[PDB]
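Only one structure is covered here, and it is reproduced in the block below.
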Amino acid sequence: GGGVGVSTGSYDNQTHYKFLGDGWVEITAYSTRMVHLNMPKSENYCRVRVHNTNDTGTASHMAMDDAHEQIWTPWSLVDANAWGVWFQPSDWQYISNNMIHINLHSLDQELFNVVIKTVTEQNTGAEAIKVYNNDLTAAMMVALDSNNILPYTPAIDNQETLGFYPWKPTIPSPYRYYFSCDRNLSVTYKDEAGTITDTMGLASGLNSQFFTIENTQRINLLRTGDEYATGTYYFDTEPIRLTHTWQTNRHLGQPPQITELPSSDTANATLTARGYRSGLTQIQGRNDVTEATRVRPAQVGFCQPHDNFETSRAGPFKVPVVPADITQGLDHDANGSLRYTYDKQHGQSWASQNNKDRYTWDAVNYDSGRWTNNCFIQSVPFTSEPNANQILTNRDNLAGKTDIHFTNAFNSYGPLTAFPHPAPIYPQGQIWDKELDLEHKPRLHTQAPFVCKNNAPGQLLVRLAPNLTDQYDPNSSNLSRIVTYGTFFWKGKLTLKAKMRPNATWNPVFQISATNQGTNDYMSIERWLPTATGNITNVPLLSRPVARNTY
Amino acid sequence: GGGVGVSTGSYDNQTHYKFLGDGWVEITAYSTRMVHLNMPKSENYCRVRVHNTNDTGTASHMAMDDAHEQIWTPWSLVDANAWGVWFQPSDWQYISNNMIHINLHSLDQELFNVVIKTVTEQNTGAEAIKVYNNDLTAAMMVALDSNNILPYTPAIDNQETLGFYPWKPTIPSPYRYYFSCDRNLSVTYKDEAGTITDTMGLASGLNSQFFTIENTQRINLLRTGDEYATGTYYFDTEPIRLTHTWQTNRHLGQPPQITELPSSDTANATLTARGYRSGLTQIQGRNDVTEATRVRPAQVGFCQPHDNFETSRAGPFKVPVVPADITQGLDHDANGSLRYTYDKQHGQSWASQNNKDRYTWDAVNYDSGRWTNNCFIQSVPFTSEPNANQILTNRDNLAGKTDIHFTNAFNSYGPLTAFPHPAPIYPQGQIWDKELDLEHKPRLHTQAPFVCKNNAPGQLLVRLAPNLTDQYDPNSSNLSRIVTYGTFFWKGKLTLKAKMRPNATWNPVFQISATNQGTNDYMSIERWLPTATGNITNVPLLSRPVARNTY
Amino acid sequence: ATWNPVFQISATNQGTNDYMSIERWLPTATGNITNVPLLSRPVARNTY
Amino acid sequence: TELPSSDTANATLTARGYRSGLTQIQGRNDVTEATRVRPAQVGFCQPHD
Amino acid sequence: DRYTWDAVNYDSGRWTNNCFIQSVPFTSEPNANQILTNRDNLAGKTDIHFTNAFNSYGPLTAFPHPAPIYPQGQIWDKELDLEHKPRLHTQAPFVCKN
Amino acid sequence: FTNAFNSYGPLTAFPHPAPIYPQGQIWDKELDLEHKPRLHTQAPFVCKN
Amino acid sequence: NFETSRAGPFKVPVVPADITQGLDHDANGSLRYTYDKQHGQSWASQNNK
Amino acid sequence: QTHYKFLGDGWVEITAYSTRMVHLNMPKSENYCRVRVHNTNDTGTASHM
């Protein structure tokens, strides 16, 4: 049944575990939120452009160019995709510690207890008071995109996904998508004589796509007694591994054989002289086998062009860089460490006066990192003790430029390269992503662990059907309408598959553990606890605590 | 089920295609709108007349006479008939390009989510604020005319049909129909001494028809939980052809045989001398066969009296002229090119300051056009090189009048005449029409491609049942009542039949294609895209891109 | 699914110099014929 | 931030210092349309001739 | 008769002159020494620039499969018998698997 | 430049290297990483699972 | 080329390919084995490997 | 001539027939030959590689 005065759904946020057999777990995560929806600020679609004359007009500022072209819509999307939505911090600890790999299974979603209210103002004498009252006949439009016709638009990009706190209400992300303006921009250094083109092109007859929610899809009209239920969507994806790899290229294979065991705990072991050592190496003209030059099964990780900007018709952009360990060289960019900026709803702390809170995610998987300053290329024919001209060192200048070194432009990717798939991030991390429709596809998307093979889960779009006053002129440029807002509950169920880790190691494994307050380490428990006034903060948890044997 | 707080319908505007077999397509077009209905400005029927003393009082202004007699009704009609309602511009492109002929099949309609609200004013001190609130007990009257008892009154005539934009709300057209006043008016030229009768007659006992919605039809009363559904109406109509004909009367049949192929690409071919040529001609006393005078199977298109005004009892009116190609003579009227005037809702642009936007539709089907200035009649017995007195040329004066020429009054229509049926127009075009009840019927209606053979689809009439105050005097001349307005959704489904075009031609066919902005051609894509502020414009698309072989 | 009209391959009148001028797909007086590359993939697509 | 007033006017965005997003650049607090993280590289530079 | 086929798929193109590499640690408004610009000389050679020898292909790279050409285009091709095979042949849209 | 230059791309095809009768390795185990090399260098055969 | 992760500097592998008439072994990644009498060598050889 | 057929929703079977008259000449040599082209003129001068 249903109707006004009868609630159409229930609130379940709790997470469940079930053991299907040996090592297997079915993780069923419920999540529910109250969502606050405002009447759209314009009833009609708009094609708008941002263009920076101030930033890009001055020389050398290219990196900050924001210029693009977008289609603004009245619709808003409820985006359930982040890790921080589905799990509470302890459930993330329990999973990160105990399980080798995890995989997505199904997703369900529902909307219920729709409530639309209207606002009037009185009496305007002294100070106005705003009176709130229901419209029982009003409705809310709801459209799900099953076929992914519309441009796929993850909200986590801007951190607009549903809030991470069950008890706080949350808001939708207004739906919008790109349009093709064909920007032109020119390259300069800090102080340079000349001009900068900095122009944007006219609309393209070939490339112009304009989509409309109403034309594209079926819209459900939900009044207070109505409820909407998405069917069960089943993921097809590859599981991801929850245990990090420590094992470098130089740790692969059989170690050399030591001559004899050391006498005392301080003493170092010794090896057969490199001249007489037996092994396999690709160096020519020298009779040696040494731990550095011996042949390894594959390359682990690879050098990458870093802080390079490639420019197609759209404009300059930094190409992605696969997340890899930061070596002791501390250099973040060459290894592609992610850096998030996020608000109080998703993170930060309610005590913080700053507008946003920022965190750099330094990758685990210590095997694939690259120290940039210590990488070097050596001349052929090979020689021990190269003179300066026989070795390519990072300290030298490239093209006569001081701060540009070969490791900037150098690219090692090849058939022999192996790297681990990067890791999920509990708050602020993206759970899944849609695969690009191109024929030749990337081996991984950079931000998202899971990539739906065929068809991604559909986007869920909502808006308030307009409430019109007595006077409505369809030809009028301006539209007067009744101030209106609404609220509704969103409930969803995400099922997962995971497998317990075996532990064969003698020694204790590393684990995620809370720590007493008063010591400054990252895990101090005060940060997961409320304050006196209720200010709460939610910070990224390390993932993949447990080591793994690569080879 | 149903009730307050439970929505009675769904919103589907999308268009579907299905392939029934070889070449056949079933096009199912859904369309949906939000409709804004105001309480009628008078509760009772009225018989009113407009009579121009100012326009027609002065001499020679006859063409602008507006005088008529009409029955004004409180009811309003929801009129779904235009092409611009059902299809989006791309769906019109896809159909116009790929299909030879299309035909109507069925029509469905529904009304749901009725919402009635009332308006009060307070406190009138400082500035008044208008408070809006529901009447859950109020109802809306809905009457469909299945039997076409009432005068058939297409709203597109005045461009009052439902708006062409799915996301913008739209308004009904107030229902009204003609009544017979028997006007009298006299003919004068620009400055002339005399008087003009310019009178209108008394009501006629023979000809007076006064219809009332309540007496005529069954009315459904719809409250907020109620919904109304029209049955399925099935068209009986003849399909229309979507491919234009280029083939003139002089392109019919077998060409003459050339003597020999030309030597070079510049050289013209030569034909057997006209004295010796073999053929068939109706000219007498001359031994010739020439491409102009040879006999053709039929006349393609025909000369027409153009800008003639015939006057029955009602008054002077211009008789219609079948749409035909405009020849290189550019003359629009002789070939009957349609000219539309329409508003922002149906067209125009929201940026335009003008009240209306006007477009002249120049007919495709290049075969049937008539250059007026170059048509001529020649004396009998026929002669080559006629002296001035043997030929009737358009340049000569008729009846001693300078600008009146024989091509004005000349009428070629005969048994041998063949012409193509004119073409649909995506915005502003009328889909169907009802056939006149006269015994001897026209071969085509001029504006509408489809004409329902027996019984046209019914007219859908709606009004708000009156809300009365506490004081109601049935004998009072004036009626006070509660200010009331309402909104509801209209949804309809139009199924079509169409057939894919075969292409036997070597060369590429002409097609409707978008074009880059910045060039001024009619198809520049900017015109189908929103502006920054949301201003959108919708302009007529060419139809029948593909050529066809007449004979 | 797009509102606006899609781009299409279309012949064009002779006398304008654009690549699609129809004269190029038609024979000459002496029969000389020319066949030139046609654009492919006229219709835009949504990558992501 | 808001819809533009007239068809000529350009829209404006949240200041790059305060913008929320994801980028791989280090040591700078910004999010700008050029440096933000994208799912994959589309096309690639190539040794040519 | 000669014709240059300019690829459609406007997404994957590269303007060469405007591609640049920037030094680490990153900085806004790089001075000349912090940025690698196409205009500079490589190995002291005038017309040789880094974009000539630079190769971006990596795991993150996605590109569309090129397009057929109505006259003069090759319909199919045979796949090389090598063990490790190219992801696409350049001229031919279709490549027979076996 | 041939020292640091890397031509590997989508168009690249190469034969799988060859076994060596004495001193050659018959098989090898595949690394447990998610994204795996197309071949191990020394060993002709690589056990899938 | 020698790339260095946390473990230390190491030469990255190079797929075996033909040595061209340029005789250059390293660029084409030609394998070089060192082995003892048990697996090879000769029992007459005085050398260790 | 070329034919089209619609197998269902959205699917088309395109069947293209083509036919030609072919003109074959007696081969200019009855036996196999192993021939080489070598440019002394083009490649002899510098830079023409």
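No Cβ is skipped: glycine too gets one built from the backbone with ideal geometry, and neighbour counts run over all protein chains shown. Please treat every number below as a calculation from the coordinates, not as lab data.
A few points about this structure:
- Cβ-Cβ under 6 Å pairs, at least 6 apart or on other chains, region A:166-191 side in contact (Cβ under 8 Å) with a residue 12 or more places away in the chain, far side charged (D, E, K, R) and in a loop (DSSP other than H, G, I, E, B): A:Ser173/A:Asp79; A:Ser173/A:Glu160; A:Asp182/A:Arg313; A:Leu185/A:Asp198; A:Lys190/E:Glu29
- Residue that is surrounded by the fewest Cβ atoms within 10 Å (Cβ to Cβ) [pool: residues in region E:61-90 that are within 7 Å of another protein chain (Cβ to nearest Cβ) and of a type in the set (A, V, I, L, M)]: E:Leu82
- Between B:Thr360, B:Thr417, the distinction of being of a type in the set (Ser, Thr, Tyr) and in contact (Cβ under 8 Å) with a residue 60 or more places away in the chain belongs to B:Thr417 only.
- Within region A:162-186, tally of residues that are crowded, with 19+ Cβ neighbours inside 10 Å, aromatic (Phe, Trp, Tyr) and within 14 Å of chain E (Cβ to nearest Cβ): 1
- Some residue of region E:4-16 being under 22 Å from the mean Cα position of the chain (by Cα), of a type in the set (A, V, I, L, M) and over 23 Å from A:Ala193 (Cα atoms): yes
- Among the residues of region B:248-295, those identified as touching a strand residue (DSSP E or B) at 6+ places or on another chain (Cβ under 9 Å), assigned to a loop (DSSP other than H, G, I, E, B) and β-branched (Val, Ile, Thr) are B:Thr248, B:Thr259, B:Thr270, B:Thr272, B:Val289, B:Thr290, B:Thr293, B:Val295.
- Checking each residue in region A:381-405 for being crowded, with 16+ Cβ neighbours inside 10 Å and more than 22 Å from E:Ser23 (Cα to Cα) picks out only A:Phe382.
- Flag for A:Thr293 being more than 9 Å from chain D (Cβ to nearest Cβ) and either within 17 Å of G:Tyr35 (Cα to Cα) or touching a residue at least 24 places away in the same chain (Cβ under 8 Å) (or both): yes
- Screening region B:100-146 for residues that are among the acidic types (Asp, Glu) and within 33 Å of the chain's Cα centre (by Cα) and picking the one that is nearest to B:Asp433 (Cα to Cα) gives B:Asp145.
- Of the residues making up region B:310-355, those that are of a type in the set (D, E, K, R) and either on the phi > 0 side of the Ramachandran plot or within 14 Å of chain A (Cβ to nearest Cβ) (or both) are B:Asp343, B:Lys344.
- Residue in region A:485-503 that is in contact (Cβ under 8 Å) with a residue 12 or more places away in the chain and facing another protein chain (nearest Cβ under 9 Å) present: no
- A:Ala63 meets the stated requirement of being outside any loop (DSSP other than H, G, I, E, B) and within 30 Å of E:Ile21 (Cβ to Cβ).
- Those residues of region B:296-316 which are out of contact with any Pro (no Cβ under 7 Å at 6 or more places or on another chain), touching a residue at least 40 places away in the same chain (Cβ under 8 Å) and closer than 30 Å to B:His51 by Cβ, in sequence order: B:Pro305, B:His306, B:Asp307, B:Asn308, B:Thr311, B:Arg313, B:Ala314, B:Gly315, B:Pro316
- Qualifying positions in region A:36-58 - among the small types (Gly, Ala, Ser) and within 14 Å of chain B (Cβ to nearest Cβ): A:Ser42
- Filtered by the rule that a residue be buried (at least 20 other Cβ atoms within 10 Å of the Cβ) and within 7 Å of another protein chain (Cβ to nearest Cβ), region B:10-30 gives B:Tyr11, B:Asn13, B:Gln14.
- Where a residue in region A:522-551 is within 14 Å of chain F (Cβ to nearest Cβ) and surrounded by 15 or more Cβ atoms within 10 Å (Cβ to Cβ) and its partner, wherever it lies, is β-branched (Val, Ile, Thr) and in a loop (DSSP other than H, G, I, E, B), with Cβ under 6 Å and at least six apart: A:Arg544/A:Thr243; A:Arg544/A:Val364; A:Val546/A:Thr243; A:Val546/A:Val509; A:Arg548/A:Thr243
- Residues of region E:1-57 that are of a type in the set (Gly, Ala, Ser) and within 30 Å of E:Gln72 (Cα to Cα): E:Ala7, E:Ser12, E:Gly13.
- Conditions (1) in contact with a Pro (Cβ under 8 Å, 6 or more places away or on another chain); (2) more than 14 Å from chain A (Cβ to nearest Cβ); (3) charged (D, E, K, R); (4) farther than 30 Å from B:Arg313 by Cα: number failed by B:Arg33: (2)
- Residues being surrounded by 19 or more Cβ atoms within 10 Å (Cβ to Cβ) and within 14 Å of chain G (Cβ to nearest Cβ) - total across region A:209-250: 6
- Among (1) facing chain A (nearest Cβ under 7 Å); (2) out of contact with any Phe, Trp or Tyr (no Cβ under 8 Å at 6 or more places or on another chain) - the single one G:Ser5 does not satisfy: (2)
- Taken together, the residues in region A:345-392 that are among the aliphatic types (A, V, I, L, M) and out of contact with any strand residue (DSSP E or B) (no Cβ under 7 Å at 6 or more places or on another chain) amount to 3.
- Residues satisfying the stated conditions in region A:296-354, i.e. surrounded by fewer than 22 Cβ atoms within 10 Å (Cβ to Cβ), of a type in the set (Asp, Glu) and either more than 19 Å from the chain's Cα centre (by Cα) or not in a loop (DSSP other than H, G, I, E, B) (or both): A:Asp331
- For region A:1-51, the set of residues classified as assigned to a strand (DSSP E or B), of a type outside the set (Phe, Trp, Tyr) and touching a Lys or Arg at 6+ places or on another chain (Cβ under 6 Å) consists of A:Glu26, A:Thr32, listed by residue number.
- Pairs are defined by a Cβ separation below 8 Å, a sequence spacing of at least 6 or placement on different chains, a first member in region A:256-278 that is of a type in the set (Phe, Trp, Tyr), and a second member that is in a loop (DSSP other than H, G, I, E, B) and surrounded by 13 or more Cβ atoms within 10 Å (Cβ to Cβ); the pairs so defined are A:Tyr276/G:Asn48; A:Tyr276/G:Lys49.
- Qualifying positions in region A:466-476 - at the interface with chain B (Cβ under 7 Å from one of its Cβ atoms) and within 41 Å of the chain's Cα centre (by Cα): A:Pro466, A:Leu468
- Qualifying residue in region A:201-208 (condition: buried (at least 19 other Cβ atoms within 10 Å of the Cβ) and either farther than 26 Å from B:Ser513 by Cβ or under 27 Å from the mean Cα position of the chain (by Cα) (or both)): no
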